[PDB]
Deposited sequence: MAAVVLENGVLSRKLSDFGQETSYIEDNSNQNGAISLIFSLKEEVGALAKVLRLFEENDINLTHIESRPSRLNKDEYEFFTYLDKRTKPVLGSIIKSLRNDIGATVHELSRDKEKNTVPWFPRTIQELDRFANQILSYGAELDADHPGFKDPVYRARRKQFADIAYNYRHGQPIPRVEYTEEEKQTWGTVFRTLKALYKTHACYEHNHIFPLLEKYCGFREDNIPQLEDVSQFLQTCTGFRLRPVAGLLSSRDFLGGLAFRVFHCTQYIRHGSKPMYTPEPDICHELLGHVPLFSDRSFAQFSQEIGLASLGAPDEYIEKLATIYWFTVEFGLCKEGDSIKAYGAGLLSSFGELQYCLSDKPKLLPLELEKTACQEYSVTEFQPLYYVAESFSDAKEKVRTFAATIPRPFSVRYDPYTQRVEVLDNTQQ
């Protein structure tokens, strides 16, 4: 009702169900559990057992199931609760009564709904060459799987020209408008990632560089993802980003985020430990959060990662990605025209807004570290039967009970 950046999630015909539960070791305990699944016509391939990372005498179970196993899940949970003796949380992509909204527990699980993507008013609409080019990029994303290198693509002189145009203009604004962290990293992206006016950087190169900075990594995505899916990725320090470029007809406009927006507005700040931790905090807070709060986190993300400004002493600079990759609004956000408010999540979370250019008002963050803590605080109010934390060693989410 304003065309916001919030995108409700969708479930496939199979959806996804995950039973979170641990089990203290006992003679025949492990065999009992697995037998319980196996006996219910559940391929033990979707059943994984690992040593608990919290308690040395427990086992953590991971179940990769879907709506197909719904008819038996009930009895299985009852058995676990009453007979075997375990605390179980049911995750469901369909978010039904008594189930927690599904979220990936392992980095590999980001493959599941990575292809769940959202024309006539958009440039390149009636361009066959462009429409074909776009499908090519969408297919690279569709076929992508975690852990794989990101397919390199040779861009056309025309495309590189479109990039050049956007680059030049922004590069001439950064010094005076971009927050310190952005200006700090950019020179490295220029030196080691091919970030030039006459060159479109390859996603693989950018990804490897990011991992080497904050452990952040890219994942080619076909188009827009649901807010839940996209924000959740951040929890794993994974940035779902596009590989295509806007239509060369209008180099200063994009109905959606293209390679120019991703590389110039996002990448620099994801290379900063402070910003990476802050953005990850938003993702961790989205894990299993109710739709109502995903939307609120979506709004918070919009007024921060996308369109946020930050104090730089007595000065105010921009760090929002939608600002750092748009010369027009980058100049406008720091003008005497927009209304500024201090970052306050309870307020920001319910801030009304539209996706059209030149935002009427912006929120100013004290620092990325302050913003992060504010997110942590806000997350505590999000209704979920437990708390989450990311394990960079195993690249798996740790589900500890509410604190």
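> Would you flag the ranges of the deposited sequence that the structure leaves without C-alpha positions?
In sequence order, the gaps with no modelled C-alpha are 1-18, 137-142, 428-429.
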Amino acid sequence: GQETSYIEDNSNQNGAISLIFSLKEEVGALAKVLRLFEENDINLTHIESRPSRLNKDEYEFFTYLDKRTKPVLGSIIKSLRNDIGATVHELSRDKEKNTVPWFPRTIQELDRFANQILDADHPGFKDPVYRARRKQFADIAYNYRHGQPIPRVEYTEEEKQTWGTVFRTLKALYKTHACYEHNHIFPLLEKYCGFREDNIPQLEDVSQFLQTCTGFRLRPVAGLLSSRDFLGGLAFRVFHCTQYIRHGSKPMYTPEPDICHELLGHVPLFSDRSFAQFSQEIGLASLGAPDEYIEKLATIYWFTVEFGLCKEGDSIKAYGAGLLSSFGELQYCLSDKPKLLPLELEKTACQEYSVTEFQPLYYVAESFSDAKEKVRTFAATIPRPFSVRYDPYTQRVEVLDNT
From here on, numbers count along this sequence of modelled residues.
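> Tell me which of 61-69 and 361-369 has the higher mean C-alpha B-factor in the deposited entry.
Higher mean C-alpha B-factor: 61-69.
> Of 31-39 and 48-56, which one has the bigger average CA B-factor?
Between 48-56 and 31-39, it is 31-39.
> Whose C-alpha has the highest temperature factor in the PDB entry: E109, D229, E256, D139?
So the option with the highest C-alpha B-factor is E256.
> Which has the highest CA B-factor per the PDB entry: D83, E295, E181, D314?
The C-alpha B-factor peaks, among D83, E295, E181, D314, at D314.
> For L19, does the deposited CA B-factor place it in the lowest, middle or highest third of the chain?
Its C-alpha B-factor belongs to the middle third of this chain's values.
> Would you mind checking where the Cα B-factor of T304 ranks among the modelled residues of its chain, as the lowest, middle or highest third?
Middle third of the chain for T304's C-alpha B-factor.
> Compare the C-alpha B factor of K250 with those of the other modelled residues in its chain, then answer lowest, middle or highest third.
Tercile = highest for this residue's CA B-factor.
> Rank-wise, by C-alpha B-factor, drop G164 into the lowest, middle or highest third of its chain.
For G164, whose C-alpha B-factor we compare with every modelled residue in the chain, the answer is the middle third.
> Compared with the other modelled residues in the chain, in which third is the CA B-factor of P123?
Within its chain, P123 is a highest-third residue by C-alpha B-factor, going by the deposited values.
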